[PDB]
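# Residue-level structure breakdown
If you want the building blocks of each chain, they are given just below.
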Amino acid sequence: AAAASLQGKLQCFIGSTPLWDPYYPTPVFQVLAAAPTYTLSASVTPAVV
Amino acid sequence: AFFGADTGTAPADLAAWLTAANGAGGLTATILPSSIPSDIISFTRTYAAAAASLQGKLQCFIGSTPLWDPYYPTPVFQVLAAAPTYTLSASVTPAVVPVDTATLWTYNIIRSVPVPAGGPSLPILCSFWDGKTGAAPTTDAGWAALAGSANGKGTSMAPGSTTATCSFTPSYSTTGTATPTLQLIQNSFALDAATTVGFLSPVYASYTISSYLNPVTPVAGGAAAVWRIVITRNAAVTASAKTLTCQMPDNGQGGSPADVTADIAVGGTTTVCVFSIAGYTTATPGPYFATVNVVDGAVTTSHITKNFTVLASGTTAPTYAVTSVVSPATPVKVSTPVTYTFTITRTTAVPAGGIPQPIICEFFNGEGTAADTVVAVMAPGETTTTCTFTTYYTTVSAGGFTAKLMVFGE
Amino acid sequence: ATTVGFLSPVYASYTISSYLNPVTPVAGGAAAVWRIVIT
């Protein structure tokens, strides 16, 4: 189901030690929603080329 | 009878022109009596080789007598040549357009082959399809029939001039991804045939609300207050009568008022929505929000948020005192300025930091009918409101007159 | 590769100066050199 708010969690390990410390929170990304459509327009100066 | 320069030499003598007119080569035309006639006559000429300068000669005869005196020269017309191609261009301001907004378009008409000197101007009728109908004309008959109407405008190419400007302003019903279609047609009198040269492709509202509440004071055990919402639109309602859905979100007093659907008369930008809360008599003083959804055309669901701080008066009923005074005073002469100052005070002076109640004061002098209507916003702090007026009495005293001020909270 | 919205098409001079060196044509002399610049 399409969700309004995404929060992905990634954790990496070089060997055993993790890169992201547990004390500070894991990275969170807000990844948009609802798939909007972009309506473009155009303005030109001058007419003749 | 007409004789082109290409087909054959024009006859030298009037008798030969008369013979040609009496025969088949000269065509006959009928003039309507009791009217100024606009006689249109159409000949047929085929040039085997294109000529840069045309010299036609036509001679006419009403009865035996010819119309064109032979002493004065015969009509000769240099009617252009070389069949130029028109390279059009498009300038537009602005790019995006709101609903019912005017857009500026300017198209420069360019002619490759210069107009020969001593020739008639070139009347071009540019056609504009604003796009309200839905279907742009494709053929030359659907475009030439639009040029004649007000939808298309005219322009004259000067002899020897190539550049030509043509500005127009289209109207749209709803904001769509469409632009006014162009067509470049020249036509003869009475729109007989259809001929096109150059075709062209496409080149790609706000709402305010001012809500006021009357009475301002919640009277616990009193008449229910009337909230009035004034919705203005930047563009005028052009096509049809609109229906906006005012929705008052619950302020925590007497539930959410029922949503109103006010119908606006055609050509009316402003609309008034009337809400009535019964439990507002016991309303807690604080700031409350109110969002309204406006629907109009293609731009749907426009949300307008407005703030308002409802105070709580309680069970006390406030009153508005009104005092009057006149500066010029007795005795005033007929037809002289007379200043009437009215002070509309409120001893309780309840509005602390919430809704200001502007007052519209309608003056009325003692004329006899029983009005220079002016408005004055009541500043929440300063309870004193001044209505200045001038009357210009135009009748005798008859003892004395009495002014009658009226006040309205709307 | 990903796309969202599509769109449709949205629709020199030369000046010359010419001088002559020498200005005066001398009968029985060097041919006059005419120079022309076109900017």
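Residues numbered from 1 in each chain as written, not as in the entry; some residues may be left out. Chains lettered and ligands numbered in written order. Part of a larger assembly, values for the part shown. Heavy atoms only, no water.

As stated in the entry header, the method of structure determination is cryo-EM and the reported resolution is 3.9 Å.

Below, the discussion takes up the overall build of chain C. Helix and strand counts for chain C stand at zero helices and two strands. Referenced to the eigenvectors of the C-alpha coordinate spread, the extents of chain C come out at roughly 80 × 20 × 10 Å. Looking at chain C as a whole, 0% of its 39 residues are labelled buried. Total accessible area on chain C is roughly 3,800 Å²; 62% of this is exposed by carbon and sulfur atoms. (Helix = DSSP H or I, 4+ residues; strand = E, 2+ residues; numbered from the N terminus. Buried < 20%, exposed > 50% of the residue type's maximum accessible area, 1.4 Å probe, protein only. Areas by Shrake-Rupley, 256 points an atom, 1.4 Å probe, with all protein chains shown as cover.)

To continue, consider the interface of chain A and chain B. Every contact between the two is made by seven residues of chain A and, on the other side, nine residues of chain B. For the pair chain A and chain B, the summed buried area comes to about 650 Å², and 66% of that belongs to carbon and sulfur atoms. Here chain A is connected to chain B by zero salt bridges. Joining chain A to chain B, the criterion identifies one residue pair in polar contact. The residue inventory of the side of chain A that touches chain B, partitioned by class, reads five nonpolar, two polar and no charged. (Contact = heavy atoms within 4.5 Å. Buried area = accessible area lost by both parts, 1.4 Å probe. Salt bridge = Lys/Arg side-chain N within 4 Å of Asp/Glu carboxyl O. Polar contact = N/O pair within 3.5 Å; in protein donor to acceptor, adjacent residues only side chain to side chain. Nonpolar A, V, L, I, M, F, W, Y, C, P; charged D, E, K, R; others polar.)

The subject of this paragraph is the packing of aromatic side chains. Centre-to-centre distance and the angle between the planes together describe a pair of aromatic rings. For the structure on display, the rule yields 12 aromatic pairs over all chains. Taken together, the aromatic side chains of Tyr340, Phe342, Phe363 and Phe389 of chain B make up a single cluster linked through ring pairs. (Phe/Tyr/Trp six-rings, centres within 6.5 Å; stacked < 30°, edge-to-face > 60°.)

Where charged atoms from two side chains of opposite charge come close, those side chains can pair. For the structure on display, the rule yields three salt bridges over all chains. A salt bridge links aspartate 100 of chain B to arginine 233 of chain B; its shortest N-O distance comes to 3.9 Å.

The computed volume of the largest cavity comes to approximately 60 Å³. Grouping the amino acids of the lining of the largest cavity by side-chain chemistry returns five nonpolar, three polar and three charged. (1 Å grid on protein atoms, 1.4 Å probe; cavity = no way out; pocket = protein on both sides within 12 Å on 5 of 7 lines; lining within 4 Å. Points joined across faces, edges and corners; volume = space filled by probe spheres on them.)

The subject of this paragraph is the nonpolar core. Grouped together as the largest cluster of nonpolar side chains are 25 residues, with contacts concentrated most on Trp227, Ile229, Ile231 and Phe308 of chain B. Residue contacts for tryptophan 227 of chain B: discarding those within four places in its chain leaves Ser211, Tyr212, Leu213, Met248, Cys273, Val274, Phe275, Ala290 and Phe308 of chain B. (Core = buried A, V, L, I, M, F, W, Y, C linked by side-chain atoms within 4.5 Å.)

This paragraph deals with the state of the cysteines. Residue and element names in this part refer to chain B. For the structure shown, the criterion picks out two disulfides over all chains. Covalently, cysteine 246 is tied to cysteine 273 through a disulfide, its sulfur atoms 2.0 Å apart. Here the S-S torsion is close to 75°, and the disulfide linking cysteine 246 with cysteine 273 is therefore right-handed. Separated by 27 residues along the polypeptide, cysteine 246 in strand β14 (residues 243-246) and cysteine 273 in strand β16 (residues 271-277) bring together distant segments of the chain. An identical accessibility class is assigned to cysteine 246 and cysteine 273; each is buried. Across the disulfide from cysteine 361 sits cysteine 387; the S-S distance is 2.0 Å. Taking the sign of the S-S torsion, about -110° here, the bridge from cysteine 361 to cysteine 387 comes out left-handed. Taken as a pair, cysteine 361 and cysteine 387 share a single burial class, namely buried. Counting only the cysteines that take part in disulfides, in the order they occur along chain B, gives the pairing 1-2, 3-4. Left unpaired, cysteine 126 is separated from the closest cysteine sulfur, that of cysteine 166, by 3.6 Å. (Disulfide = S-S within 2.5 Å.)

By the element assignment, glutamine 183 of chain B lies in strand β10 (residues 181-185). Among all residues touching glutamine 183 of chain B, those that are not within four sequence positions of it are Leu125, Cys126, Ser127, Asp140, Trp143, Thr196, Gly198 and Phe199 of chain B.

This part is about unusual backbone geometry. Of the consecutive residues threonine 93 of chain B and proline 94 of chain B, the connecting peptide bond is found in the cis state with omega at -5°. In this fold, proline 94 of chain B is placed in the loop between β5 (91-93) and β6 (104-109). The amide bond that connects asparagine 21 of chain C to the next residue, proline 22 of chain C, takes the cis arrangement and shows omega of -5°. Position of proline 22 of chain C relative to the elements: it lies in the loop between β1 (16-21) and β2 (33-38). Positioned with a positive phi, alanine 82 of chain B is a non-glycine residue whose angle comes to about 75°. Turning to its location among the elements, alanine 82 of chain B is positioned in the loop between β4 (65-66) and β5. Even without a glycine there, the phi angle at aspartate 100 of chain B is positive, about 65°.

Before going further, it helps to examine the sheet that holds strand β7 (residues 122-129) of chain B. Residues and elements named next belong to chain B. The strand order β8-β7-β10-β11 describes an open sheet built from four strands, whose pairing is antiparallel. Looking along the sheet, the strands with just one partner apiece sit at the ends: β8 (153-157) and β11 (196-199). Geometrically, the sheet is characterised by an average inter-axis angle of 25° between neighbouring strands, direction not taken into account. Bridging between β7 and β10 involves five bridges; their strand directions are antiparallel. From the neighbouring strand, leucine 125 faces β10, where its bridge partner is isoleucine 185. (Pairing = 2+ DSSP bridges. Axes fitted to C-alpha atoms, helices over the stretch in contact; angles between N-to-C directions.)

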